[PDB]
Amino acid sequence: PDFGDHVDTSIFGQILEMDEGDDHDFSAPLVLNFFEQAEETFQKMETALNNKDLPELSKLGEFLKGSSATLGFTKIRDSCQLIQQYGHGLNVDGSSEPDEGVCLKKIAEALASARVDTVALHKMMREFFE
Numbered sequence: 044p045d046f047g048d049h050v051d052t053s054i055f056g057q058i059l060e061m062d063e064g065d066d067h068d069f070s071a072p073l074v075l076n077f078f079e080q081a082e083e084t085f086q087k088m089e090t091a092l093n094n095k096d097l098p099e100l101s102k103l104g105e106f107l108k109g110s111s112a113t114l115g116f117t118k119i120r121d122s123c124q125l126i127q128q129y130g131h132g133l134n135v136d137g138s139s140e141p142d143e144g145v146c147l148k149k150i151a152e153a154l155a156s157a158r159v160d161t162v163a164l165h166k167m168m169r170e171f172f173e
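Taking PDB author numbering, the leading residue of the sequence shown gets 44, the next gets one more, and so forth.
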């Protein structure tokens, strides 16, 4: 399976080992569970944006970063890392960003990237598991 930059094959590959037989009896429910979880998190983020709660956004980013990391979903993990950082009021270089308005705008961009990358991956994973 050639998922491009979306998936770390060395990590995802280890998920696939847990399948007994060729029906993907373990990996497929797991991946499904991740997309549901992601979808829930994105909704809770979309609300957190609406209420301009930067700490919440930071934590949701960190949470979803961790679960995408576990499965090797690199592009999603990265965008969630940015949400974590911008939620703590920091730029990519580590310098502080004191303008909340700027932070929120950067989070919005990274949330859009995350959602789009999730959808892209969901499709490929659907092709893969059929």
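Beta carbons: idealized from backbone N, C-alpha and C, even for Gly.
Looking at residue i: is its Cβ nearer than 8 Å to the Cβ of residue j?
{"i": "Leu147", "j": "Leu107", "result": "no"}
{"i": "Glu143", "j": "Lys95", "result": "yes"}
{"i": "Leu97", "j": "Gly137", "result": "no"}
{"i": "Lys118", "j": "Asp65", "result": "no"}
Rounding to the nearest angstrom, what Cα-Cα distance links residue i and residue j in this structure?
{"i": "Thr90", "j": "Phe69", "result": "32 Å"}
{"i": "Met88", "j": "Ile126", "result": "10 Å"}
{"i": "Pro44", "j": "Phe171", "result": "7 Å"}
{"i": "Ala157", "j": "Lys149", "result": "12 Å"}
{"i": "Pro72", "j": "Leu103", "result": "23 Å"}
{"i": "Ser53", "j": "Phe85", "result": "27 Å"}
Using CA atoms only, rank isn't needed, just tell me which of the options is closest to residue i.
{"i": "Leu164", "options": "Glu82, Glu63 and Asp66", "result": "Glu82"}
Could you tell me how far apart the beta carbons of residue i and residue j are, in whole angstroms, since I believe they sit closer than 8 Å?
{"i": "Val50", "j": "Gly115", "result": "6 Å"}
For the alpha helix (DSSP H) that contains residue i, what are its first and last residues?
{"i": "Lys95", "result": "It is not in any alpha helix (DSSP H) - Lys95 carries neither H nor E in the DSSP assignment."}
{"i": "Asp121", "result": "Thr117 to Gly130"}
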